[PDB]
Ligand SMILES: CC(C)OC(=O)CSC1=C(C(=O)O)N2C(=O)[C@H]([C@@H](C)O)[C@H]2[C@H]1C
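Below, in structure tokens: the form deposited without the ligand, a single chain.
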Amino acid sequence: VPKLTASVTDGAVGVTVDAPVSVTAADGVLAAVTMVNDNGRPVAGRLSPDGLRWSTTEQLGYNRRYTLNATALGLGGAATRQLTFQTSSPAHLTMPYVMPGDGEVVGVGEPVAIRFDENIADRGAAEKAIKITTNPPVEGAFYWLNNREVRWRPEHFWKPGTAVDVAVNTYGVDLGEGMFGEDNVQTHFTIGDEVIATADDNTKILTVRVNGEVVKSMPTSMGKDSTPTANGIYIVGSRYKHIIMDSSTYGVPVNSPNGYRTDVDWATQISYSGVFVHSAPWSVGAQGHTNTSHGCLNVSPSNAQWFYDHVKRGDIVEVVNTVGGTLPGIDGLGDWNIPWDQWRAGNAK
């Protein structure tokens, strides 16, 4: 008689739904295989052309009891078998979100970012549920920025032309304290040209290199000694054609000495802390000579629009020789300031 094997055991509980359920027959073929819930609704499944193996084709649900019926037929006759199991019952669910967006072309400094809408109690599980593929292949590693967002990057800036595939396979995974993934998330992106801009406080020149060659110099005026621009490696973020900056947000009333409601053009964000490269017509005389800002890299209106036009998310701004300290590794765009050994060793525990 034929032999039936399944990837689940009869009477099992807490069966995780991160995996398909499969049925195999030896010494015969599968005539039929059905799987239903406790309202007798069938789960989508597929039987191989050779009749040897069947598998479910759609996500199983949480809190469900499934009944599997299978019948195989061979030379020695027929065999019919049945089992029931129950799936995980989460305490909570969390949903993941991943940047950069799918399809995007990004700069050589862009990390893979996966953000959850709940605190992750088992970072180790989360990391293992995330599969990142790279071509040309390159070693990278996970580091957590806070309790909800993990980052991934190589030791050195990405090589242009690298395809990155990210499969966040969290559905059915116990992420700790009864917390399970709400769904999977998939994304794909590509690394473009190496663009690295360097602001040297010694010279007050912001020089932009594309694949190693200067294509632009910009006189700049960085943060004054009271509020200096931090040295470090910054990752380019969002850009805006026009933006305001209110001191009303952060407590300071606009009708106060240090208050400021300021219309700003051509702003390219390079740190979560609020450092921008932007249009500063009112500082043009100081640019290339004196620092005058609150930290932002002030450039001329046409130098700011050039930057907004030719610089992309993930490109790099390196700041050097100023009187500030270093940008925090965990700023949000400060990832490269954490030494590799510390980054690679991670903080999953």
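Residues that one form lacks are left out of the comparison. Definition used throughout: the rigid core is the maximal C-alpha set that superposes within 1.5 Å between two forms. Position 1 is the first residue in the sequence shown; the rest follow in order.
The mean C-alpha temperature factor is higher for 261-269 when 130-138 and 261-269 are set side by side. Between 308-316 and 295-303, the higher mean Cα B-factor belongs to 295-303. The entry assigns its greatest Cα B factor, within the set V36, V33, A286, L60, to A286. When the C-alpha B factors of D122, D201, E110, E104 are read from the deposited coordinates, the top value falls at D201. Annotation for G40: CA B-factor lies in the lowest third of the chain's modelled residues. For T56, the recorded CA temperature factor ranks within the lowest third of the chain's modelled residues. Per-chain ranking of the deposited C-alpha B factor places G181 in the lowest third. Among the modelled residues of its chain, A348 has a C-alpha B-factor that falls in the middle third, as given in the PDB entry. Placement of the Cα temperature factor of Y250 within the chain: highest third of the modelled residues, per the deposited record.
The form solved in complex with the ligand exists for this protein as well; it is not shown, and the discussion that follows is about that form.
For the ligand in the bound PDB entry, the listed stretch (195-203, 107-115, 131-139, 153-161) containing residues with heavy atoms inside 4.5 Å is 107-115.
None of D183, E149, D165, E127 but one reaches within 4.5 angstroms of the ligand in the bound PDB entry through a heavy atom, and that residue is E149. Proximity to the ligand in the bound PDB entry, defined as a heavy atom within 4.5 Å, holds among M99, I233, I191, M179 only for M99.
Using a 4.5 angstroms limit between non-hydrogen atoms, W144 is distant from the ligand in the bound PDB entry. Proximity of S238 to the ligand in the bound PDB entry falls within the 4.5 Å heavy atom cutoff. The ligand in the bound PDB entry comes within 4.5 Å of no heavy atom belonging to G329. At least one heavy atom of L333 is located within 4.5 Å of the ligand in the bound PDB entry. Residues from 259-298 that approach the ligand in the bound PDB entry with a non-hydrogen atom closer than or equal to 4.5 Å are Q269, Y272, in the order they occur in the chain. Just one residue from the list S256, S89, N146, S238 crosses the 2 Å line for C-alpha shift between this form and the one not shown on a rigid core fit, and it is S256. Core-aligned CA deviation for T198 between this form and the one not shown: less than 2 Å.
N119: CA moves less than 2 Å between this form and the one not shown after rigid-core fitting. Once both forms are fitted on their core, a CA shift of 2 Å or more is seen for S247 between this form and the one not shown. In sequence order, the one region between this form and the one not shown where at least three consecutive C-alphas each move 2 angstroms or more after rigid core superposition is 245-263.
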